[PDB]
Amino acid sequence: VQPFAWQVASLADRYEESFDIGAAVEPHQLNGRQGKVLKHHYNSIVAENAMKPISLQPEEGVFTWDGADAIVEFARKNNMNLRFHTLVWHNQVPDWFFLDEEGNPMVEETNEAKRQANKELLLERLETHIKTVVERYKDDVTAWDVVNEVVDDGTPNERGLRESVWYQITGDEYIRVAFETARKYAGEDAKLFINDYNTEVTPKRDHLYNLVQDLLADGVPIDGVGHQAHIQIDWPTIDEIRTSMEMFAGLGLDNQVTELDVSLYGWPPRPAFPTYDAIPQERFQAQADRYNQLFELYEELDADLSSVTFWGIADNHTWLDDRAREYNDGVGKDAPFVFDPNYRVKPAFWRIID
């Protein structure tokens, strides 16, 4: 029986000379045992959902800030840095953004002139969203995920840009506007990031590398790359993770691990263990070796890595479970963190605290 998380050495303190230790949270996890764990181990947090587009302006003009404000407040009262997730994404983004003045999907428009009109209108709506949000939180956010997942997993176009509604309507323009509007209302000292997953593997990694390089050349304000790091136990490799970070550091950009979780499974996550108790210790031990190597690496690169955030706190709450269920007929459980469902340290914790 391992001790509780609040009884062991603080992760944030152990790495205070290298980078922040953060966690993704939901408004209802800011008290109780979770709140206790957060204050004890982390010096940074991010909203798992409360700050995505659809969560802040579900209707044009109609803003909902409660969840987001609660998270911003918690971080203020506990002196923790705060990453903002996220100003632009193709998921959890309200539909009104993409309808034309007549209420029809902009993607259905065929008149070249009217399309050019809708493009300008969308960029204007994006501009307003960013402006309203950045003004309200500019003094609390310490890192902004200006855009999320704008690079494709394959190569649908020479540039490898995800062809979401944002792209179909504005090409890469929405990306430029987002960063420039963010820099405009957040101040020249706000840290602006482009966030994505699988930033360690080619071709995606190279597409992203070319995009930032191209945007940098055009004066687009981009300060760093956010690596979600939704990785596995044996993939990607340490070398691939290292190479990617070294590559972006080479462009003079900061790196941050934003949504770290180490799944016990490959991809898709099959077969997944049905319950937590059904997971064999060998798995956790393998996960522990992975974590040791991972943080040893992050420590080796702490000169170009400023923050490391887990996409959750303890194994009782993780989006990886949804993924596990989808691929295992509705039943499955993952365990990606260093703290188990009961907030008791795991083999992994010891391996990254020493």
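Residue numbers here begin at 1 and follow the sequence given.
Trainee: Can you tell me whether 60-68 has a higher mean C-alpha B factor than 302-310 in this record, or the other way round?
Mentor: The stretch with the larger average C-alpha B-factor is 60-68.
Trainee: Looking at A9, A335, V331, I21, which has the highest CA B-factor as recorded?
Mentor: That would be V331, according to the entry.
Trainee: Could you say which of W89, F97, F84, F193 has its CA atom at the highest B factor, as listed in the PDB entry?
Mentor: Max CA B-factor in the entry, restricted to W89, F97, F84, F193: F97.
Trainee: Relative to the other modelled residues in the chain, which third contains the C-alpha temperature factor of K184: lowest, middle or highest?
Mentor: According to the entry, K184 has a C-alpha B-factor in the chain's highest third.
Trainee: Against its chain's modelled residues, does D340's Cα B factor rank lowest, middle or highest third?
Mentor: Ranked within chain, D340 CA B lands in the lowest tercile.
Trainee: Split the chain's modelled residues into thirds by Cα B-factor; is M51 in the lowest, middle or highest one?
Mentor: Lowest third - that is where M51 ends up once the chain's C-alpha B-factors are sorted.
Trainee: Mind checking which third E296 falls in for C-alpha B-factor across the chain?
Mentor: Tercile = middle for this residue's CA B-factor.
Trainee: Taking the entry's C-alpha B-factors for this chain, is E102 in the lowest, middle or highest third?
Mentor: Answer is highest: the recorded C-alpha B-factor places it there.
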